[PDB]
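To begin, one chain is listed below as structure tokens, in the form deposited in one PDB entry.
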């Protein structure tokens, strides 16, 4: 039908999940202009003409759409591999966010995943109190921008470095992690990188998972096929670590292993497979059957040691294989202060006391500054570097 066709097309331009919504189309144009405006390419008439035709229009668009200078950078609160995280205030709305910058050139400089799509999808549509929310996503010729809710409570790395975590706390945080991971699993993902760095606390001291670049969609049988290992040396499971070209076929039990490493670290103060060098940790993980020991410290309860050992075993006998319910029923979690279904409504073990909305005391003081770093080299022919990041913008077609 004629109407049907017009309508199907109209939805395809509206749907927040459509690859051709206003966001994707405005990105498509924005990318083209960026990838053509070069004197070497300007020699071609088609190109030179097209650019002069849209010059005024494209400049109007870039000013109207969400851009970097719309935000006032309050302070850098994280910096690393593919960019940095900075506490920002929107100059117009005065609202405070944590903005993440991803160097387009650096991700193209041999990453191998386009990992940012998973990160964008989950953070934007998860709609879960266990997932750091993504409000806006935009871009220019050089950086991807992710506008997330600010987690003023800092991460679990910071918490563990300031406290000798008692069991009561360990239980709470482990329990919130379990629910957070179960929410991710219910969405059809295996996180693959469960660690204190990815665990952030809100203004009330409650946990959320941040960063999901390592996430992968499960198949129908709830499995994932991967030839190359993914994760962090201390927290990676034996099966994900040994994942090879031979196959590399694993389930969500690999996440539960990392939770065991997390629990152990909170109560002991060290990772269960710490070694002199990185490669030593590898051997100890593979030899987990004999390398996993508890120090002579009569403060780790029986239940704690049990759960840790139930998690730090071979995938085949690992706790969590029969669903999250067998984990929740574990005696370690048995308490009289909270229930699973009401946990995130209870008072947290550490409720952060904040001075202002821009209080960054729970984050280490990072230098800030830089002086803009090297990006793409000026092309001599058409390369199309902005093409992989088309449709990343989350602004014109957001879900409400």
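Between two forms, the rigid core is the largest collection of C-alphas that superpose within 1.5 Å. Residue numbers count along the first chain shown, from 1.
S.K.: Do a third or more of the other compared entries leave residue 369 out of the model?
M.R.: In at least a third of the comparable entries (those modelling both sides of it), residue 369 has no coordinates.
S.K.: With respect to the recorded C-alpha B factors, which stretch has the higher mean value, 112-120 or 206-214?
M.R.: Stretch with the higher mean C-alpha B-factor: 112-120.
S.K.: Would you mind comparing 339-347 and 37-45 for me and telling me which has the higher average C-alpha temperature factor in the entry?
M.R.: Between 339-347 and 37-45, it is 37-45.
S.K.: Just grab whichever of 129, 272, 280, 245 has the top CA B-factor as deposited.
M.R.: Of 129, 272, 280, 245, 245 has the highest C-alpha B-factor.
S.K.: Is the Cα B-factor recorded for residue 314 in the lowest, middle or highest third of its chain?
M.R.: Ranked within chain, residue 314 CA B lands in the highest tercile.
S.K.: Using the temperature factors of the C-alpha atoms in this entry, rank residue 302 within its chain: lowest, middle or highest third.
M.R.: Within its chain, residue 302 is a highest-third residue by C-alpha B-factor, going by the deposited values.
S.K.: Looking at the entry's B-factor column for C-alpha atoms only, identify whether residue 237 ranks in the lowest, middle or highest third of its chain.
M.R.: Tercile = middle for this residue's CA B-factor.
S.K.: Sort the modelled residues of this chain by their C-alpha B factor and say whether residue 106 lands in the lowest, middle or highest third.
M.R.: Its C-alpha B-factor belongs to the highest third of this chain's values.
S.K.: Based on the entry's values, in what third of the chain does the Cα temperature factor of residue 321 lie: lowest, middle or highest?
M.R.: Residue 321: CA B-factor falls in the highest third of its chain.
What follows is about the form deposited in another entry, which we do not show.
S.K.: Taking the rigid core as the frame, does residue 262 move its C-alpha by 2 Å or more between the shown form and the other one?
M.R.: After core superposition, the displacement of the residue 262 C-alpha between the shown form and the other one stays below 2 Å, so no.
S.K.: After a core superposition, would you say residue 85 shifts its C-alpha by at least 2 Å between the shown form and the other one?
M.R.: Moves: yes, 2 Å or greater.
S.K.: Inspect the rigid-core superposition and answer whether the C-alpha of residue 121 shifts by 2 angstroms or more between the shown form and the other one.
M.R.: It does not reach a 2 Å shift.
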